[PDB]
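Written below as structure tokens is the structure these notes are about.
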Number of protein chains: 4
Amino acid sequence: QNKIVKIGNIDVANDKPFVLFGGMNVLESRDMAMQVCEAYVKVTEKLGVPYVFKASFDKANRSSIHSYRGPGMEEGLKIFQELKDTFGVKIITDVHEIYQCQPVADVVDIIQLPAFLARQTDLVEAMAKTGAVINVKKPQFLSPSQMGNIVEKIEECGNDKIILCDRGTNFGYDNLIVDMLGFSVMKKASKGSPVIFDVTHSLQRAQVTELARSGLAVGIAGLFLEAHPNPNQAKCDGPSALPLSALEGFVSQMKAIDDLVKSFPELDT
Amino acid sequence: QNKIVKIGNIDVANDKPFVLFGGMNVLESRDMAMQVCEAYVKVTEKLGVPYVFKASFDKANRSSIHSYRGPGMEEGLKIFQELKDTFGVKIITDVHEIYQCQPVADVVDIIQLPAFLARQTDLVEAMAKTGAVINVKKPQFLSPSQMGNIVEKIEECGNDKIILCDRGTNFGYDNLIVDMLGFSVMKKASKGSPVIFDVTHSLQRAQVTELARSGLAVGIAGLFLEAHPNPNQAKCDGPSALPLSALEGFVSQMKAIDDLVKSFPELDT
Amino acid sequence: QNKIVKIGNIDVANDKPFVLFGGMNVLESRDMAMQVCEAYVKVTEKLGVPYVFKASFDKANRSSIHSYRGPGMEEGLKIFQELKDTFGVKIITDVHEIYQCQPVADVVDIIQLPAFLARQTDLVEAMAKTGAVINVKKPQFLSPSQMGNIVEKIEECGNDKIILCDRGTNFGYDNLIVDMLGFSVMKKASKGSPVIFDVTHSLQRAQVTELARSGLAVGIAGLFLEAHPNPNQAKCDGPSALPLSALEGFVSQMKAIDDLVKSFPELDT
Amino acid sequence: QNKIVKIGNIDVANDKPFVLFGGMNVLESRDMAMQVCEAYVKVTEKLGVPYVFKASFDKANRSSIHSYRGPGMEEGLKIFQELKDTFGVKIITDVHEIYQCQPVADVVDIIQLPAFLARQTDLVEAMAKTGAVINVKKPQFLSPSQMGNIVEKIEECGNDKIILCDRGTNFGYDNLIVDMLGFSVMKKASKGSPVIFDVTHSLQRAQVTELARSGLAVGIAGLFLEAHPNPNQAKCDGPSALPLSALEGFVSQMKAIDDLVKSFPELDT
């Protein structure tokens, strides 16, 4: 039995129409955030796809201490409040420090637990204690069955509004493969929590569309995607970031595939 | 672009309606071969899906010298000839020894190069010289780029009718993962050879249908599938074989998803 | 050109006598710490092997929020101080939060960056600014060549006193393999930083001794080992902790192997 | 308990002095075979290390039907007979076709089962029926415990004289890692068969010596090595062949490490 996780008036579940958790890598500027959100809002309202805007306010693991890290919490939350006021969008963002959980949860709809920090017990408890909807990013080095333990850890803190997100798994050195069989393993281990597919971070690109179609073909709750007006000038490196102009075409295919797969009766197998 | 490989009146290509290379693991008996072939013929005829019947006549890697391994080539070819005479089906089977290539190619339409023998040069040359269509089984330890080498080796023998078949890739000990991004890589490395997905052997079952849909969602030339009247009573090891009863429903889903994806405008730009 | 990192009067380098970073998983009690530390000092003093006592004061990535996680920093630093006053041992411990770097570096000699937190910039910087020697635990998902980027990051903070520690690499789901060829790669990518082998965490044990000999035969700067008086009763799961009584025989083999290897003239091939 | 496999007056076993199975990739010519064999005989007789000369007579997996692939069986067996007449060496060679097993076994001391063909039941049976000692090359995609099954298959054919050879395991695409823990798994699965390490083919180099030392440090029955008088000019690519001139220094290190490790009493942990 599939669990239903509600994000305002959005219902998230493995057997309901997919939800697009879409945005950009980091809040590069107030202006680019508005432009990116507006483009996604136009595409999703037109196609009738449930939507959650995504963006990070801080980049915790950049290569240098001098690297661009995003605007920081206080400035990022101001930008999120502007997007809520302007477009009425639901928002997802990630948190890296224990003290940020509450202030961020008071503003956004979903808080994301970064893959590298997925087992940091104090952070996971602080996020669950906020009562917000939590998106767990599966570490590339974690078995899909191990997501059951994290769900239990969050649920013991009184919070059951949990979504699970795959971003591929380590395959040799410096390379990633997406295990399409892992989605049902995660569904089974979590007793039905919604599973979503982060296609952008799965691409070790020209193959974003076919990989996204392949993922939705399994029968999942949603798609996590990053885009940018001109990917090559992005402040952070988004080699697999989708050009904003390909969004309409991309989301159109995903609604078509998803609708088709969700219409299939289960096959006695 | 994409190469078109002909199997009589069937056209196999990455941008054409998928071909179902469906059958059973081994020719357990003439009676079961007839039963299985008849079921696939009924389903594929009704839905309008190109079909090639698959079965092995010998199992060359059984665990003991005393293990059941099929009827052998002489009896196996007699069975194949009856299926052709009765149903007019196209046939694919695997060959393990150089001497079998000629006699087998005179009866079937496609000869398959077993994954363990994919780099055995004399066998590759003997198979190529027959002029039959060749199905190359990608070893679970080979990279998708390396398939371009096998294509060149076969083409040096004067035969360009090559289909490539993914069956997953080793992931740790005793486990396989299917790299959905490898299909595009094989297409590129082979200058457009048709790529097919062996779903049943990629299941290191309830996941056969999802995994098959995920593979076809990528946009490929075909699917390789094994079924059995009573899977748990099969003579050899079929961890993942589909009950004959589930065929209609399975094939109906594949055709819908394949037609959908093959109709999408090239999202590229 | 091997770098030499000093820990007080100890010289750590790939071509110097190996240093034993040995202790326990966590500081279970003051009394147990004294016992374990004495066992190691006794053995290393007698055999003439450089020694650094190791133990955690907090287990930040526990199984549950309420299961044992150690004494905490306040009691842990008190226990560490007693060990120094009593034995005059050099000490290594891990830190998980930015605030802990300054108080912990005031007591211990080497601060360890936990593998899961290896790319967290703010923590790396706070540790680097303390001036303490830093042990970098290589994440199970990171390639050996990527250790060079982390060395550059710490050096940008003004600290070049870095040791690299291998604990195995993910191999399929929930399994690890140690790449003995990775030691050479880490040496070249870091421009000669000392490389040490964490044999206890590389074992997912009757094979701890042969694996440790195998690591030292490569020619490396040290070994990281955990032992316990009663491995089966440890508060924290230590399936691979060495029984304390096996220490002298274990270290005796390591010194013999290390000495032999370090005596060989380099064979350029 | 370990099995002892005899090769003439040589005893091969996991707790006996390692045996060097050393030679070249392919019998490039009679004069080079003589040159290489003399070099190994001089070094092993000087150092007192048991020796078996290795060379292939045919390369059955080259990239083209036109590629150089050795002298072939007839001329290769002639060269082996001259090496036995001249130096009195024991010989190991691989066989790739069923018909070759008996003629080759009438000339050499050990026949090797190529890794790619390790599960071809008819070739295994043909080799086993010759009564020759058999070296099983572990496939890069097979787990160590699955070697128990090949041992059983061979013993069922009436031959128990089996040696197991590790050549590393697949790690991602186009890369190999050697699992040093694999050796004791293979010993256990085979009920004590001697296990040897092929360092040459484990190198996906300047690291041949350190990796060889690492494998012998585990405590094994032998080492498999290829060398060449002028490596970058081998007729067949041999990227990891050791220059012949480095043999004495290399074998001198291996004898030292092996003698040390074999002198240690088993540590009770």
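Labeling convention for the structure tokens: chains A, B, ... as they appear, residues from 1 per chain, ligands from 1 in order of appearance.
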
Identify all residues of region 18-258 of chain C in alpha helix (DSSP H) (DSSP on the backbone) and supply them as an NGL selection string.
-> :C and (30-47 or 72-87 or 101-105 or 121-130 or 147-156 or 182-189 or 208-218 or 247-258)

How close does each residue of chain C get to chain B, giving the shortest atom pair and distance in Å to one decimal for every residue with an atom at most 8 Å away, counting only C-alpha atoms, sorted by chain and residue number, as a tab-separated table?
```
residue	atom	partner	partner_atom	distance
C:171	CA	B:172	CA	4.8
C:172	CA	B:172	CA	3.7
C:173	CA	B:172	CA	6.9
C:175	CA	B:172	CA	7.6
```

Show which residues sit within 6 Å of residue 244 (chain C), as a ChimeraX atom specification. Count only C-alpha atoms, and ignore same-chain residues fewer than 6 positions away.
-> /C:227-229

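When only C-alpha atoms are used to measure the gap to residue 236 (chain A), the shortest distance among A:17, A:139, A:70, A:103 belongs to A:70.
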
What does chain A look like once superposed on chain B, all Cα atoms paired in sequence order, least squares? Give it as an mmCIF file with C-alpha atoms, in the first residue's frame.
```cif
data_model
loop_
_atom_site.group_PDB
_atom_site.id
_atom_site.type_symbol
_atom_site.label_atom_id
_atom_site.label_comp_id
_atom_site.auth_asym_id
_atom_site.auth_seq_id
_atom_site.Cartn_x
_atom_site.Cartn_y
_atom_site.Cartn_z
ATOM 1 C CA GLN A 1 21.817 7.308 -38.408
ATOM 2 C CA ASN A 2 20.212 4.029 -37.336
ATOM 3 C CA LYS A 3 21.084 0.887 -39.277
ATOM 4 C CA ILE A 4 18.214 -1.298 -40.479
ATOM 5 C CA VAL A 5 18.717 -5.035 -39.972
ATOM 6 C CA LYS A 6 16.268 -7.160 -41.922
ATOM 7 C CA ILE A 7 15.025 -10.526 -40.627
ATOM 8 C CA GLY A 8 12.928 -11.729 -43.561
ATOM 9 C CA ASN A 9 10.166 -9.099 -43.741
ATOM 10 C CA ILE A 10 10.962 -7.760 -40.266
ATOM 11 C CA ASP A 11 12.884 -4.469 -40.112
ATOM 12 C CA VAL A 12 14.956 -4.075 -36.933
ATOM 13 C CA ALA A 13 16.096 -0.592 -35.928
ATOM 14 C CA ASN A 14 16.381 1.701 -32.906
ATOM 15 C CA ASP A 15 13.693 4.033 -34.298
ATOM 16 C CA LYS A 16 11.244 1.453 -35.670
ATOM 17 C CA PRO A 17 8.576 -0.379 -33.634
ATOM 18 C CA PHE A 18 10.201 -2.818 -31.209
ATOM 19 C CA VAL A 19 10.767 -6.461 -32.042
ATOM 20 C CA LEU A 20 10.007 -9.177 -29.533
ATOM 21 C CA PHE A 21 12.729 -11.828 -29.533
ATOM 22 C CA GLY A 22 10.717 -14.176 -27.344
ATOM 23 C CA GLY A 23 10.698 -17.796 -26.339
ATOM 24 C CA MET A 24 11.997 -20.100 -23.714
ATOM 25 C CA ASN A 25 15.332 -20.902 -22.202
ATOM 26 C CA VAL A 26 15.889 -24.317 -23.798
ATOM 27 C CA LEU A 27 13.939 -26.653 -26.099
ATOM 28 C CA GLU A 28 12.682 -28.852 -23.241
ATOM 29 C CA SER A 29 10.585 -31.026 -25.542
ATOM 30 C CA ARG A 30 9.020 -30.849 -28.988
ATOM 31 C CA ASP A 31 5.593 -30.389 -27.346
ATOM 32 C CA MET A 32 6.557 -27.565 -25.004
ATOM 33 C CA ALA A 33 8.307 -25.767 -27.879
ATOM 34 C CA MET A 34 5.101 -25.933 -29.944
ATOM 35 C CA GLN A 35 2.956 -24.722 -27.027
ATOM 36 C CA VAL A 36 5.321 -21.886 -26.166
ATOM 37 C CA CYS A 37 5.692 -20.747 -29.783
ATOM 38 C CA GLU A 38 1.923 -20.904 -30.357
ATOM 39 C CA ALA A 39 1.271 -18.720 -27.315
ATOM 40 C CA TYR A 40 3.758 -16.063 -28.407
ATOM 41 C CA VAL A 41 2.470 -16.202 -31.999
ATOM 42 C CA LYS A 42 -1.113 -15.621 -30.783
ATOM 43 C CA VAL A 43 -0.167 -12.643 -28.635
ATOM 44 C CA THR A 44 2.079 -10.991 -31.237
ATOM 45 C CA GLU A 45 -0.187 -11.435 -34.249
ATOM 46 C CA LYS A 46 -3.075 -10.055 -32.174
ATOM 47 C CA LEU A 47 -1.156 -6.997 -30.997
ATOM 48 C CA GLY A 48 0.744 -6.557 -34.264
ATOM 49 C CA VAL A 49 4.266 -6.860 -32.806
ATOM 50 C CA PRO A 50 7.108 -8.221 -34.989
ATOM 51 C CA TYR A 51 8.253 -11.527 -33.544
ATOM 52 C CA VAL A 52 11.271 -13.845 -33.467
ATOM 53 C CA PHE A 53 11.030 -17.148 -31.517
ATOM 54 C CA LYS A 54 13.993 -17.901 -29.246
ATOM 55 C CA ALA A 55 15.254 -21.130 -27.728
ATOM 56 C CA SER A 56 18.617 -22.787 -27.023
ATOM 57 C CA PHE A 57 19.305 -26.331 -28.258
ATOM 58 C CA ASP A 58 22.282 -26.726 -25.909
ATOM 59 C CA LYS A 59 23.138 -25.434 -22.427
ATOM 60 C CA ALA A 60 26.932 -25.140 -22.426
ATOM 61 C CA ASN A 61 27.608 -23.993 -18.864
ATOM 62 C CA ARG A 62 25.509 -26.050 -16.453
ATOM 63 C CA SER A 63 26.748 -26.876 -12.955
ATOM 64 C CA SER A 64 27.490 -30.576 -13.397
ATOM 65 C CA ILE A 65 28.651 -32.775 -16.265
ATOM 66 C CA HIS A 66 25.404 -34.660 -15.562
ATOM 67 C CA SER A 67 23.139 -31.584 -15.784
ATOM 68 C CA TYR A 68 20.298 -31.337 -18.298
ATOM 69 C CA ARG A 69 21.727 -29.704 -21.407
ATOM 70 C CA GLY A 70 18.879 -29.604 -23.899
ATOM 71 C CA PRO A 71 18.348 -31.793 -26.933
ATOM 72 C CA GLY A 72 21.570 -31.101 -28.853
ATOM 73 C CA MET A 73 21.990 -29.619 -32.328
ATOM 74 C CA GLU A 74 20.530 -32.296 -34.587
ATOM 75 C CA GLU A 75 17.358 -32.776 -32.518
ATOM 76 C CA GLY A 76 17.021 -29.027 -31.843
ATOM 77 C CA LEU A 77 17.181 -28.182 -35.552
ATOM 78 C CA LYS A 78 14.435 -30.755 -36.230
ATOM 79 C CA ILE A 79 12.230 -28.952 -33.681
ATOM 80 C CA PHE A 80 13.087 -25.555 -35.224
ATOM 81 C CA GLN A 81 12.127 -26.849 -38.689
ATOM 82 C CA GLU A 82 8.790 -28.022 -37.254
ATOM 83 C CA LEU A 83 8.127 -24.560 -35.782
ATOM 84 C CA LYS A 84 8.944 -22.912 -39.126
ATOM 85 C CA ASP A 85 6.659 -25.272 -41.010
ATOM 86 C CA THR A 86 3.827 -24.997 -38.470
ATOM 87 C CA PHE A 87 3.810 -21.316 -37.503
ATOM 88 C CA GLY A 88 6.090 -19.694 -40.104
ATOM 89 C CA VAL A 89 8.097 -18.019 -37.337
ATOM 90 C CA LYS A 90 11.549 -16.470 -37.589
ATOM 91 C CA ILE A 91 14.000 -18.152 -35.167
ATOM 92 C CA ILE A 92 16.960 -17.074 -33.034
ATOM 93 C CA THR A 93 19.302 -19.514 -31.255
ATOM 94 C CA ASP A 94 22.772 -19.513 -29.735
ATOM 95 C CA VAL A 95 25.839 -21.452 -30.880
ATOM 96 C CA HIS A 96 28.742 -22.597 -28.705
ATOM 97 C CA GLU A 97 31.051 -24.520 -31.016
ATOM 98 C CA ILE A 98 32.693 -23.455 -34.275
ATOM 99 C CA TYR A 99 31.372 -26.478 -36.222
ATOM 100 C CA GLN A 100 27.756 -25.612 -35.401
ATOM 101 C CA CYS A 101 27.687 -22.186 -37.057
ATOM 102 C CA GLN A 102 26.924 -23.241 -40.600
ATOM 103 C CA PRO A 103 24.419 -26.052 -39.994
ATOM 104 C CA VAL A 104 22.534 -23.849 -37.510
ATOM 105 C CA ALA A 105 22.628 -20.832 -39.875
ATOM 106 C CA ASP A 106 21.140 -22.960 -42.664
ATOM 107 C CA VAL A 107 18.042 -23.379 -40.465
ATOM 108 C CA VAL A 108 17.549 -20.310 -38.243
ATOM 109 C CA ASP A 109 17.326 -16.600 -39.056
ATOM 110 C CA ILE A 110 19.647 -15.187 -36.389
ATOM 111 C CA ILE A 111 22.591 -16.805 -34.611
ATOM 112 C CA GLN A 112 23.525 -15.624 -31.139
ATOM 113 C CA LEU A 113 27.065 -15.260 -29.827
ATOM 114 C CA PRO A 114 27.002 -16.173 -26.127
ATOM 115 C CA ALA A 115 28.325 -13.488 -23.812
ATOM 116 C CA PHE A 116 31.042 -15.737 -22.315
ATOM 117 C CA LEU A 117 32.364 -16.433 -25.831
ATOM 118 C CA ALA A 118 32.004 -12.923 -27.263
ATOM 119 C CA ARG A 119 35.762 -12.514 -27.750
ATOM 120 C CA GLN A 120 36.601 -16.070 -28.905
ATOM 121 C CA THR A 121 38.034 -15.000 -32.244
ATOM 122 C CA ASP A 122 37.640 -18.297 -34.131
ATOM 123 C CA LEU A 123 33.987 -18.573 -33.098
ATOM 124 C CA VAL A 124 33.153 -14.979 -34.038
ATOM 125 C CA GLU A 125 34.774 -15.391 -37.473
ATOM 126 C CA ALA A 126 32.997 -18.705 -38.129
ATOM 127 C CA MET A 127 29.633 -17.140 -37.288
ATOM 128 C CA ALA A 128 30.206 -14.059 -39.458
ATOM 129 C CA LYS A 129 31.344 -16.271 -42.352
ATOM 130 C CA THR A 130 27.882 -17.910 -42.438
ATOM 131 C CA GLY A 131 26.280 -14.607 -43.498
ATOM 132 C CA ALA A 132 23.453 -14.954 -40.977
ATOM 133 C CA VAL A 133 22.079 -12.126 -38.863
ATOM 134 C CA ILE A 134 24.120 -12.109 -35.639
ATOM 135 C CA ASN A 135 22.940 -11.153 -32.148
ATOM 136 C CA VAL A 136 25.864 -10.206 -29.916
ATOM 137 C CA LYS A 137 25.205 -10.720 -26.206
ATOM 138 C CA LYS A 138 27.217 -8.087 -24.271
ATOM 139 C CA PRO A 139 29.286 -9.714 -21.517
ATOM 140 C CA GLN A 140 28.299 -8.526 -18.033
ATOM 141 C CA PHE A 141 31.940 -7.467 -17.609
ATOM 142 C CA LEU A 142 32.223 -5.438 -20.816
ATOM 143 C CA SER A 143 31.890 -1.674 -21.270
ATOM 144 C CA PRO A 144 29.151 -0.632 -23.703
ATOM 145 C CA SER A 145 31.800 1.191 -25.766
ATOM 146 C CA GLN A 146 33.685 -2.104 -26.273
ATOM 147 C CA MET A 147 30.820 -3.437 -28.440
ATOM 148 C CA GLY A 148 32.266 -1.318 -31.254
ATOM 149 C CA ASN A 149 35.280 -3.653 -31.432
ATOM 150 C CA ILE A 150 33.096 -6.761 -31.791
ATOM 151 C CA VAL A 151 31.031 -5.094 -34.516
ATOM 152 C CA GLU A 152 34.247 -4.280 -36.380
ATOM 153 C CA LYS A 153 35.431 -7.885 -35.977
ATOM 154 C CA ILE A 154 32.214 -9.263 -37.477
ATOM 155 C CA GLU A 155 32.113 -6.658 -40.261
ATOM 156 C CA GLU A 156 35.682 -7.484 -41.307
ATOM 157 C CA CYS A 157 34.449 -10.991 -42.066
ATOM 158 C CA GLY A 158 31.997 -9.490 -44.600
ATOM 159 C CA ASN A 159 28.925 -9.576 -42.367
ATOM 160 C CA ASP A 160 27.141 -6.391 -41.273
ATOM 161 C CA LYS A 161 23.747 -7.790 -40.171
ATOM 162 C CA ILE A 162 24.456 -7.223 -36.475
ATOM 163 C CA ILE A 163 22.197 -6.705 -33.476
ATOM 164 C CA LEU A 164 23.559 -5.847 -30.008
ATOM 165 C CA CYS A 165 21.922 -7.166 -26.823
ATOM 166 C CA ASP A 166 22.342 -5.928 -23.254
ATOM 167 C CA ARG A 167 21.885 -8.323 -20.334
ATOM 168 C CA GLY A 168 23.042 -6.059 -17.513
ATOM 169 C CA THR A 169 26.468 -5.490 -15.969
ATOM 170 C CA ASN A 170 28.284 -6.941 -12.973
ATOM 171 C CA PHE A 171 27.697 -4.952 -9.798
ATOM 172 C CA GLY A 172 29.771 -6.188 -6.865
ATOM 173 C CA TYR A 173 29.763 -9.949 -6.345
ATOM 174 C CA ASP A 174 26.834 -12.065 -7.548
ATOM 175 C CA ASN A 175 24.680 -9.075 -8.573
ATOM 176 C CA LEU A 176 23.708 -7.202 -11.733
ATOM 177 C CA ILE A 177 22.554 -3.687 -12.643
ATOM 178 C CA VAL A 178 21.262 -2.484 -16.011
ATOM 179 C CA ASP A 179 22.912 0.741 -17.201
ATOM 180 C CA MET A 180 20.118 2.462 -19.119
ATOM 181 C CA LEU A 181 22.636 4.998 -20.441
ATOM 182 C CA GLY A 182 24.579 2.144 -22.079
ATOM 183 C CA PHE A 183 22.084 1.690 -24.921
ATOM 184 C CA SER A 184 22.994 5.038 -26.515
ATOM 185 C CA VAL A 185 26.687 4.388 -25.886
ATOM 186 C CA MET A 186 26.307 1.120 -27.811
ATOM 187 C CA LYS A 187 24.334 2.902 -30.577
ATOM 188 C CA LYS A 188 27.125 5.464 -30.916
ATOM 189 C CA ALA A 189 29.969 2.938 -30.762
ATOM 190 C CA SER A 190 28.375 0.689 -33.410
ATOM 191 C CA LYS A 191 27.424 3.596 -35.674
ATOM 192 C CA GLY A 192 23.724 2.823 -35.272
ATOM 193 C CA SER A 193 23.327 -0.970 -34.994
ATOM 194 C CA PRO A 194 20.035 -2.016 -33.427
ATOM 195 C CA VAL A 195 20.243 -2.457 -29.675
ATOM 196 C CA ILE A 196 17.949 -4.846 -27.805
ATOM 197 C CA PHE A 197 17.407 -5.493 -24.081
ATOM 198 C CA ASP A 198 17.469 -8.970 -22.548
ATOM 199 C CA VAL A 199 15.305 -8.346 -19.524
ATOM 200 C CA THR A 200 15.183 -11.959 -18.365
ATOM 201 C CA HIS A 201 18.928 -12.338 -17.868
ATOM 202 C CA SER A 202 19.214 -8.855 -16.370
ATOM 203 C CA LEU A 203 17.210 -9.894 -13.295
ATOM 204 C CA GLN A 204 20.078 -10.936 -10.998
ATOM 205 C CA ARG A 205 10.870 -11.925 -10.855
ATOM 206 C CA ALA A 206 8.142 -9.506 -9.819
ATOM 207 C CA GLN A 207 10.050 -6.653 -11.469
ATOM 208 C CA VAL A 208 10.306 -8.069 -15.009
ATOM 209 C CA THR A 209 7.523 -5.756 -16.239
ATOM 210 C CA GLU A 210 8.787 -2.477 -14.791
ATOM 211 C CA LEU A 211 12.373 -3.229 -15.878
ATOM 212 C CA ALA A 212 11.158 -4.047 -19.395
ATOM 213 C CA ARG A 213 9.144 -0.803 -19.501
ATOM 214 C CA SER A 214 12.155 1.157 -18.276
ATOM 215 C CA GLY A 215 14.315 -0.318 -21.057
ATOM 216 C CA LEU A 216 11.853 0.361 -23.878
ATOM 217 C CA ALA A 217 11.416 3.928 -22.554
ATOM 218 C CA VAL A 218 14.983 4.657 -23.658
ATOM 219 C CA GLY A 219 14.092 4.041 -27.340
ATOM 220 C CA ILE A 220 15.528 0.667 -28.423
ATOM 221 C CA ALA A 221 15.117 -1.847 -31.283
ATOM 222 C CA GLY A 222 13.720 -4.748 -29.305
ATOM 223 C CA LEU A 223 13.152 -6.832 -26.209
ATOM 224 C CA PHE A 224 14.594 -10.299 -25.457
ATOM 225 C CA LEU A 225 12.348 -12.351 -23.199
ATOM 226 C CA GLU A 226 12.010 -15.894 -21.884
ATOM 227 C CA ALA A 227 8.767 -17.463 -20.670
ATOM 228 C CA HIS A 228 7.514 -20.888 -19.580
ATOM 229 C CA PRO A 229 4.121 -22.479 -18.925
ATOM 230 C CA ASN A 230 5.018 -23.178 -15.279
ATOM 231 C CA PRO A 231 8.371 -21.529 -14.489
ATOM 232 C CA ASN A 232 8.933 -23.514 -11.279
ATOM 233 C CA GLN A 233 8.952 -26.836 -13.148
ATOM 234 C CA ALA A 234 11.270 -25.575 -15.886
ATOM 235 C CA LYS A 235 14.101 -28.022 -16.606
ATOM 236 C CA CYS A 236 16.598 -25.222 -16.502
ATOM 237 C CA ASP A 237 16.335 -22.617 -13.779
ATOM 238 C CA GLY A 238 14.402 -19.566 -14.963
ATOM 239 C CA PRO A 239 13.800 -17.545 -11.801
ATOM 240 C CA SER A 240 12.884 -14.498 -13.871
ATOM 241 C CA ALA A 241 11.098 -16.423 -16.595
ATOM 242 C CA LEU A 242 7.652 -14.965 -17.264
ATOM 243 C CA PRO A 243 4.621 -17.168 -16.684
ATOM 244 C CA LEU A 244 3.173 -17.836 -20.166
ATOM 245 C CA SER A 245 -0.237 -16.593 -18.994
ATOM 246 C CA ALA A 246 1.138 -13.084 -18.332
ATOM 247 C CA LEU A 247 2.398 -12.673 -21.925
ATOM 248 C CA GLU A 248 -0.637 -10.900 -23.363
ATOM 249 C CA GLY A 249 -0.713 -8.312 -20.577
ATOM 250 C CA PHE A 250 3.072 -7.906 -20.681
ATOM 251 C CA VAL A 251 3.403 -7.429 -24.456
ATOM 252 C CA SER A 252 0.389 -5.064 -24.438
ATOM 253 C CA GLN A 253 2.186 -2.681 -22.060
ATOM 254 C CA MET A 254 5.399 -2.914 -24.118
ATOM 255 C CA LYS A 255 3.654 -2.070 -27.389
ATOM 256 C CA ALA A 256 1.950 0.885 -25.605
ATOM 257 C CA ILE A 257 5.212 2.282 -24.186
ATOM 258 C CA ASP A 258 7.195 1.664 -27.357
ATOM 259 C CA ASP A 259 4.563 3.260 -29.584
ATOM 260 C CA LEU A 260 4.433 6.294 -27.298
ATOM 261 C CA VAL A 261 8.248 6.717 -27.170
ATOM 262 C CA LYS A 262 8.784 6.197 -30.898
ATOM 263 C CA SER A 263 6.219 8.980 -31.547
ATOM 264 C CA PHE A 264 8.248 11.591 -29.676
ATOM 265 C CA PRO A 265 10.134 14.135 -31.750
ATOM 266 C CA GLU A 266 13.776 14.340 -30.652
ATOM 267 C CA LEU A 267 14.285 16.933 -27.917
ATOM 268 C CA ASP A 268 17.008 19.508 -28.622
ATOM 269 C CA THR A 269 19.233 18.612 -25.665
#
```

Residues flagged strand (DSSP E) by DSSP in region 5-242 of chain B, as a ChimeraX atom specification | /B:5-7,10-12,19-26,51-56,90-94,110-113,133-137,162-166,169-170,176-177,195-198,222-228,242
